[PDB]
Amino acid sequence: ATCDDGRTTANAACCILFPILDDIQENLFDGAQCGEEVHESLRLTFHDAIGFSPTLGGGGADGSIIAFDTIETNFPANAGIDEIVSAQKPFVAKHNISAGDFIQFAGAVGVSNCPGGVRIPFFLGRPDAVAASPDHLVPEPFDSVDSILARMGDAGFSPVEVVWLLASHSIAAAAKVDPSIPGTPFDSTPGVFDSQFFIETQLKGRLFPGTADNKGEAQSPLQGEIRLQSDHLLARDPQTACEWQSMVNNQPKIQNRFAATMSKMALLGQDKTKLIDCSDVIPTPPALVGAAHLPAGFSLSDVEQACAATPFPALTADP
């Protein structure tokens, strides 16, 4: 199918997305950059979608965090989310797609801006949200691995899938964990969808990059990087640590698993056969610049190995 400006897509219904794409690349993502708003928009897909529990309710990836922002953005686990929800609201008001559709679309478009990144499958047609998420559905960085895996499993995700999803922290910062240093990234290449995150979370902690007593925070190996206590445990806990380590310098696996599991999350509370596949509207991501490596001054003796069965992979380091 050919749309009114000459761009082509497999399903004609997908044509309405092209102007939205143009609008968000320029005005949400600063000219199709992999920056702050991509990071925030990706976080948003998860905070929207994970509001889904057979026992307590929530319609999953349904736009509820926008439609019902007054309730949802005041949940403690949604700290700092109101800023991206306010940025996105006017695009949803202006255009003719549902909030739920817009959140997943914006997420997928954003990630496609990041070198190393993937084109997350995208379906159009979600209806407007009909309920707010309950509170206590979003994992918090001071939660146990047991608690996190139980929460995620309740939403339909296995332990390994939680690891695959946390590839997102390769392009992510925190603002509210340590509010004296807002925007401090979880790995050293927040602009690059790579395995640096999995390497640096495995390094021995050295310092607190800001203040020293924040809930949900662990020592970082690097100034200007922040480590969540949750990432610290997941990297090291026997349930997840071998999966964790397997992502390292395994870019094809990161890409393949993140895209698959992101498509699964984006579809939570939704029916794929009721939606139209518009995946081909998402841009082609650039290729990885870099192989992932140890930061300068580090060696392999800096790695806390936690996988019993497999020795951490050899790695290059800067001089």
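Sequential numbering from 1, following the sequence displayed.
- Higher mean CA temperature factor, per the PDB entry, when comparing 284-292 with 39-47: 284-292.
- Comparing 56-64 with 275-283, the higher mean C-alpha B-factor in the PDB entry belongs to 275-283.
- Annotation for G224: C-alpha temperature factor in the highest third relative to the rest of the modelled chain, per the entry.
- Sort the modelled residues of the chain by CA B factor and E243 lands in the middle third.
- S112: CA B factor in the lowest third of modelled residues in this chain (values from the PDB entry).
- In the deposited entry, the Cα temperature factor of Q104 sits in the bottom third of values across the chain's modelled residues.
- Annotation for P134: C-alpha temperature factor in the lowest third relative to the rest of the modelled chain, per the entry.
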